[PDB]
Amino acid sequence: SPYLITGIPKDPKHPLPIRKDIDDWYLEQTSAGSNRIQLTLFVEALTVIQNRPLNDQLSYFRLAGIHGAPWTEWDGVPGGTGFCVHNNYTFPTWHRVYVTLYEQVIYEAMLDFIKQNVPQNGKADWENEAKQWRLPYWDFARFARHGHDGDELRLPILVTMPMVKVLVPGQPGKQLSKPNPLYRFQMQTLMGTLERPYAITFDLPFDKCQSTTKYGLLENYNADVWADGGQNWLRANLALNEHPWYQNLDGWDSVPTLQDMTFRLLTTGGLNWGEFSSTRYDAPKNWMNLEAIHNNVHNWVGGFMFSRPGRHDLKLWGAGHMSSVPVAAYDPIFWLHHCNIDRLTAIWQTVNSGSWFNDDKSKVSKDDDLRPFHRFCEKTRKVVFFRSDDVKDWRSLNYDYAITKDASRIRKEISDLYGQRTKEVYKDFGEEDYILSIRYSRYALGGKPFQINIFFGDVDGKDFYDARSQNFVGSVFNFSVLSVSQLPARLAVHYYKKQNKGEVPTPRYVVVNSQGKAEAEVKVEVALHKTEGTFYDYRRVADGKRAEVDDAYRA
Amino acid sequence: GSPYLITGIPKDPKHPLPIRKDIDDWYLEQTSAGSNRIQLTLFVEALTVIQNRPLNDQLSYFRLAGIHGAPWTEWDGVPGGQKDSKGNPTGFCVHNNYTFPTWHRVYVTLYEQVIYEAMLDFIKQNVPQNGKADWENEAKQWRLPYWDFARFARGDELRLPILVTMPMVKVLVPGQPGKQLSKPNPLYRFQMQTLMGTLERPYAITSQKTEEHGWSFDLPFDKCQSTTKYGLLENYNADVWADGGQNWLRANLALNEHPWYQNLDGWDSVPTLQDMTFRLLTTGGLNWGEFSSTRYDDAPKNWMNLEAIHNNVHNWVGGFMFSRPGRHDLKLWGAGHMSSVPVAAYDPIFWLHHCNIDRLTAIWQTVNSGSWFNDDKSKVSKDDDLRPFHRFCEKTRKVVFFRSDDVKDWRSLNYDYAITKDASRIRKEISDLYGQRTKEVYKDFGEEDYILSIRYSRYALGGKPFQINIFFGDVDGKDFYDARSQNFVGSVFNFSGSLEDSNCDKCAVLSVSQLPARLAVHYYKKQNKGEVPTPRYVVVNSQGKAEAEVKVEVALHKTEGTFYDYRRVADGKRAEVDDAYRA
Ligand SMILES: [Cu+2]
Ligand SMILES: [Cu+2]
Ligand SMILES: [Cu+2]
Ligand SMILES: [Cu+2]
């Protein structure tokens, strides 16, 4: 302390190693053409980091603690209202440094593991693998690879495995199945009981969790179930593949909204940095932003609803860490999600070279200290805080992405990964585009999170939640001066028009809280906009209206 | 060593006949203000010890579970490797025969006894001298809790036990009052150190894929290190199958299966499992052969049987479909150990399920006291050796196998159930626990009853499992699976295994179930001008495809007045599905 964040140190033998897609990396590592060493190193190093004591500021707990709860100091920097930047233009750059911190800590732990565990004849080889390793990213917008015995988005293979097989150093040809540190983070006692001042202690019972969970916290189950609510990865995958309700009807092709949004984000030109970088709002075509997409992914991975009114056999609710800004960083997938958010930023930067804190709005924030992150400044000869300009070129942190390495085919790569399905399905219909604009206050529920669901047509007063809900079009999640997001609406409008003799729909919205109830006093500005031509001159064509729900479902 | 005499927990005169408690009530008591938490600690610690015993210890968890089915080895000196008349591997368990309840009664007792013996060891080893008397007192009161699968958990719904849904559980630290430690919960799952397909010879869990003859399973159980509920799905990386998880919410959903229409607005629901259980316990006049088994030997009202209900619960807890054809974002399939005869006993909930099956047998015996292997068909099986379970015959002074008469009075094994101890109240208790909701919902409609009869062959797919789904109305050709499927009425699961005739001479059978249909008929009539529905059936395999060649006799029957004299009113017909969904 101060812990100097440098990125993995430069070695001439390892020029700008890449952060790989975690699925591609896992498949590579578990093939006979791999020594399986990088997999073993990541698992063993992250296990050590997770098991470190709380007084160790490089423990997993304390590293995750930087983001939000328990709101303590870190690296001598006063804390406590966490350190993470949200709803501001430094959202991408603060998180760029945070991810690099995690990567660097893991690398250092890998080197220690080698020193304590690897025989002499293997040390050079194991060190060599550690120096080439970079933190993989979870490509949340790319169709998963599978046997096809359709295509869908998925959580990483590794995140869905409670156990993982790794090498046993010193015993050639021997492998052992061990608990997988990417599956969850678990402490030895409930997090609400940790020694002061680190206790996690909220309208979700995170104090009653020993393990991080995805969708595992539901009301009206015994509280001891919450100690480890499990990883409902199939449910998370379902949420990640959110799309309009009509697409589940026979005869229609589906397009995951997350992929459509990500394709739009990467291919739409002309945004300034303030528009791209954040939900912050002090041109609705420009409201598709990195942070809003990131917010929905948090929601879809973790779940935010603890309850639902009424009677339901099929229960699609359930809450978990990733939906909650104070505790999301405890879930190991947090870091892989943010690794991809960093990749998306790098891609956008590559195809928008001039647009860096350029506009009058974001310019104010450019020189913000990115607390609590320290580095040694070459220009002033002293320890300072990171600033956004320090990480404009992510390569200065000694990592890269394949997609930005060979950027000569970047637009082709973007289309191949994120645009094929959208184009395939859109091309069946007329050359017009529709988008939804959404503007809200993140503070509208006193700071509490909520979800804004939009519908075209009649709203089921007892089912206004998800893609299973009649006439659902899409959602915007308040992960928590206004905030904005954008949704694709082209295909949902087409369907509505087919049922309603060509009429444009009124966007109807419901604001849903963590109890699954509709909030009547949260203002949301929603509008539908149309342009001629396909997205790959928008005009407002319908104003939003709040939908009513059943009395028992009202907050 | 051998023989291991199965006696039940030894008699302690301080506590003459302790009760096997409802596992949720017991857990709630053990964690409530006022409780010492000693029994919970003992069960967790003892079961953990048993689970960690080596494969060559026949009292290890693995070897006890191994008695039921795979890997089909010897136990207590009784040889394994049995093959049925078609060459299929067969284990010791009895299915589709009238000794189904009595074989399993002894099996559950074995488990309980082994756990109790491990509790005494734990106390002698870990508990300080000044606390040994108190801990021994609790161990001697403990009996294996039952999972009441048909009781609303504390709207109302059926649920897996609280304890089974907890990956971790807090237990006492013996030498330190007030102190607890969270430990992995041995009731959540059973996990070995390697994939079960790679265990030391001869214990590996392997299918007949590289065997000389027979069929046993095709789900990738050889690729599991842990037992799983709904965790095995096709088109995911095989490393996910090492531990597919406990999808307990999905299991709860299956356990609450009811007709499709009940999810529409304005309708009250009744869980079919509870309605079936209430019918099973209250319908008079069945003989032992009718009650005890799915086995049919040559009146549909008497086709509601213990084994069929048990079969459906196996399916609902574990899942049996590995895949589904076509495009589906919401994935309701997924398979696991409890659906599969060869490996179900590895899942710790198996024993709690069978504990309740034993309790249901005891309840039924209590209110049908003159019906014990009483009919010509079942009397033939009364004296079968319940291999591999040994006991001492006092009369001949030799070790013999258990036989059904030895366990007619379960109290001879030194346990009881609250519901059979206070027998004067038994019918009121059955109503309070299993009948209140059925009666409240039925009362809104006409005074008449409808039931579906189902007769099938367990061996229709060469031993493979399948599920028979019944519908009233048009069947969705891409969705013919469960309560989410349009017009679904109910299901019958073929908990399939070998022919279990290994000892028969070479030179020398149908199954039945019954479904409630009253409420579904009411809804169908409401949508079709009062028309009586033709039951439509689809036979579904593990790949989620319809088997057109599996023959099923389905009929709808009606009586005047409520069940709490049936006449056939419609015959069933097979429904076709989409071409891509056809086997
Ligand atoms: Cu953040
Ligand atoms: Cu985030
Ligand atoms: Cu059995
Ligand atoms: Cu069974």
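No Cβ is skipped: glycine too gets one built from the backbone with ideal geometry, and neighbour counts run over all protein chains shown. Basis: the model, the stated rules and, where named, an outside source; these are not laboratory values.
State all residues of the stretch A:412-422 that are surrounded by 14 or more Cβ atoms within 10 Å (Cβ to Cβ) and not hydroxyl-bearing (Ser, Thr, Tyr); if no residue qualifies, say none.
Scanning the stretch A:412-422 gives A:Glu413, A:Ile414, A:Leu417, A:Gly419, A:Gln420, A:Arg421.
Quick test for you: out of A:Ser408, A:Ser437, pick the one residue that is among the polar types (S, T, N, Q), outside any loop (DSSP other than H, G, I, E, B) and surrounded by 14 or more Cβ atoms within 10 Å (Cβ to Cβ).
On the way: A:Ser408 fails: surrounded by 14 or more Cβ atoms within 10 Å (Cβ to Cβ).
Matching residue, one of A:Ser408, A:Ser437: A:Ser437.
Hey, does the stretch A:530-545 have a residue that's part of a strand (DSSP E or B) and touching a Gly at 6+ places or on another chain (Cβ under 9 Å)? Quick ask: steps written out before the conclusion?
Residues of the stretch A:530-545 part of a strand (DSSP E or B): A:530-532, A:539-543, A:545.
Those left that are additionally touching a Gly at 6+ places or on another chain (Cβ under 9 Å): none.
Within the stretch A:530-545 (the criterion being part of a strand (DSSP E or B) and touching a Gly at 6+ places or on another chain (Cβ under 9 Å)), the answer is no, since none of the residues qualifies.
Inside the stretch B:213-308, counting only helices (runs of 4 or more DSSP H) that do not spill past its ends, which hold 1 or more residues that are surrounded by fewer than 24 Cβ atoms within 10 Å (Cβ to Cβ) and within 11 Å of chain A (Cβ to nearest Cβ)? Outline the logic, then answer.
Details: elements: B:248-255, B:272-282, B:288-292.
The qualifying helices (runs of 4 or more DSSP H) are B:248-255.
Sort through B:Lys331, B:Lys377 and tell me the only one that's within 14 Å of chain A (Cβ to nearest Cβ), surrounded by fewer than 23 Cβ atoms within 10 Å (Cβ to Cβ), basic (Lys, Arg) and away from ligand 3 (no atom under 16 Å from the Cβ). Walk me through how you get there before you give the answer.
Details: B:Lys377 fails: within 14 Å of chain A (Cβ to nearest Cβ).
On inspection, the qualifying residue turns out to be B:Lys331.
Considering only the stretch A:108-147, state which residues are touching a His at 6+ places or on another chain (Cβ under 6 Å) and within 14 Å of chain B (Cβ to nearest Cβ).
none
For the stretch B:154-183, how many residues are among the small types (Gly, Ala, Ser) and within 9 Å of chain A (Cβ to nearest Cβ)?
Residues of the stretch B:154-183 among the small types (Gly, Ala, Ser): B:155, B:175, B:178, B:182.
From what is left, the residues that are within 9 Å of chain A (Cβ to nearest Cβ) are B:155, B:182.
Total meeting the criteria: 2.
Within the set of pairs 6 or more residues apart or between chains, which connect a residue that is outside the structural domain of B:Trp248 (by CATH) inside the stretch B:291-315 to a residue that is in a helix (DSSP H, G or I) and not small (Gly, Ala, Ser) with Cβ atoms less than 7 Å apart?
Going by the 7 Å Cβ cut-off, there are no qualifying pairs.
What are the residues in the stretch B:347-367 that are in a loop (DSSP other than H, G, I, E, B) and either within 14 Å of chain A (Cβ to nearest Cβ) or within 11 Å of ligand 4 (Cβ to nearest atom) (or both), if any? Don't jump to the end; show me each part of the working.
First, pick out the residues of the stretch B:347-367 that are in a loop (DSSP other than H, G, I, E, B): B:347-348.
Listed by number, the list holds a single entry, B:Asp347.
Do you know which of the residues in the stretch A:198-212 that are charged (D, E, K, R) and in a helix (DSSP H, G or I) is farthest from B:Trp26 (Cα to Cα)?
Of all residues in the stretch A:198-212, those charged (D, E, K, R) come to A:203, A:207-208.
Pick out the ones that are also in a helix (DSSP H, G or I) and you get A:207-208.
Values: A:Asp207: 25, A:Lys208: 22 Å.
Per the stated criteria, the residue is A:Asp207.
Just give me the residues in the stretch A:453-504 being basic (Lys, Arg), in a helix (DSSP H, G or I) and over 30 Å from A:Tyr281 (Cα atoms), in sequence order.
From the stretch A:453-504, those basic (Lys, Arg) are A:462, A:468, A:490, A:497-498, A:501; that's our starting set.
Keeping just the survivors that are in a helix (DSSP H, G or I) gives A:490, A:497-498.
If the condition is that a residue be basic (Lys, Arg), in a helix (DSSP H, G or I) and over 30 Å from A:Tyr281 (Cα atoms), then A:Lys497, A:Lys498 are the ones that fit.
Okay, residues lined up against (1) touching a helix residue (DSSP H, G or I) at 6+ places or on another chain (Cβ under 8 Å); (2) of a type outside the set (A, V, I, L, M); (3) under 27 Å from A:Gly474 (Cα atoms):
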{"site": "A:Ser211", "(1), (2), (3)": "yes, yes, no"}
{"site": "A:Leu217", "(1), (2), (3)": "yes, no, yes"}
{"site": "A:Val225", "(1), (2), (3)": "yes, no, no"}
{"site": "A:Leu240", "(1), (2), (3)": "yes, no, yes"}
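For the stretch A:49-134, which helices (runs of 4 or more DSSP H) that fit wholly inside it have 1 or more residues that are assigned by CATH to the domain that holds A:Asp342 and within 16 Å of ligand 1 (Cβ to nearest atom)?
Once the helices (runs of 4 or more DSSP H) in the stretch A:49-134 are filtered for at least 1 residues that are assigned by CATH to the domain that holds A:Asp342 and within 16 Å of ligand 1 (Cβ to nearest atom), what remains is A:60-65, A:91-117.
For the stretch B:488-496, does any single residue satisfy the condition of being more than 14 Å from chain A (Cβ to nearest Cβ), more than 24 Å from the chain's Cα centre (by Cα) and under 18 Å from B:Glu257 (Cα atoms)?
Of all residues in the stretch B:488-496, those more than 14 Å from chain A (Cβ to nearest Cβ) come to B:489-496.
Keeping just the survivors that are more than 24 Å from the chain's Cα centre (by Cα) gives none.
No, there is no match, as no residue in the stretch B:488-496 is more than 14 Å from chain A (Cβ to nearest Cβ), more than 24 Å from the chain's Cα centre (by Cα) and under 18 Å from B:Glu257 (Cα atoms).
Before we move on, is B:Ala150 more than 24 Å from A:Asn180 (Cα to Cα) and either crowded, with 22+ Cβ neighbours inside 10 Å or within 11 Å of chain A (Cβ to nearest Cβ) (or both)? Show your work before the answer.
On the way: more than 24 Å from A:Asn180 (Cα to Cα): yes; either crowded, with 22+ Cβ neighbours inside 10 Å or within 11 Å of chain A (Cβ to nearest Cβ) (or both): yes.
Taking the combined requirement at face value, the residue satisfies it.
Condition test on A:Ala329, is it part of a helix (DSSP H, G or I) and within 16 Å of ligand 1 (Cβ to nearest atom)? Even if it seems obvious, please write down each step before you answer.
Details: part of a helix (DSSP H, G or I): yes; within 16 Å of ligand 1 (Cβ to nearest atom): yes.
Against the criterion (part of a helix (DSSP H, G or I) and within 16 Å of ligand 1 (Cβ to nearest atom)), A:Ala329 qualifies.
Working carefully through the options B:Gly544, B:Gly473, B:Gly530, find the one that is away from ligand 2 (no atom under 16 Å from the Cβ), on the phi > 0 side of the Ramachandran plot and within 14 Å of another protein chain (Cβ to nearest Cβ). It would help to see each step written out before you state the result.
Working: B:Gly473 fails: within 14 Å of another protein chain (Cβ to nearest Cβ); B:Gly530 fails: within 14 Å of another protein chain (Cβ to nearest Cβ).
Answer to the selection: B:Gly544.
In the stretch A:478-509, what count of residues is obtained for those that are farther than 14 Å from A:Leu436 by Cβ and crowded, with 23+ Cβ neighbours inside 10 Å?
The qualifying residues number 3.
Got a number for residues in the stretch B:440-476 being aliphatic (A, V, I, L, M) and surrounded by fewer than 22 Cβ atoms within 10 Å (Cβ to Cβ)?
The qualifying residues number 3.
Being more than 10 Å from ligand 2 (Cβ to nearest atom) and out of contact with any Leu (no Cβ under 6 Å at 6 or more places or on another chain) is the requirement here; does A:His321 meet it?
Details: more than 10 Å from ligand 2 (Cβ to nearest atom): yes; out of contact with any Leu (no Cβ under 6 Å at 6 or more places or on another chain): yes.
Judged against the criteria, A:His321 is a match.
B:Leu187 passes all but one of (1) away from every other protein chain (no Cβ under 11 Å); (2) surrounded by fewer than 21 Cβ atoms within 10 Å (Cβ to Cβ); (3) under 26 Å from B:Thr41 (Cβ atoms); (4) aliphatic (A, V, I, L, M); which number fails?
(2)
Give me a count of the residues in the stretch B:158-183 that are farther than 30 Å from B:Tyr434 by Cβ and not in a loop (DSSP other than H, G, I, E, B).
8
Taking the condition of being surrounded by 21 or more Cβ atoms within 10 Å (Cβ to Cβ) and within 15 Å of ligand 3 (Cβ to nearest atom), how many residues in the stretch B:82-92 meet it? Full working, then the answer.
Initial filter on the stretch B:82-92 (surrounded by 21 or more Cβ atoms within 10 Å (Cβ to Cβ)): B:88-91.
Now drop any that are not within 15 Å of ligand 3 (Cβ to nearest atom), which leaves B:89-91.
Qualifying residue count for the region: 3.
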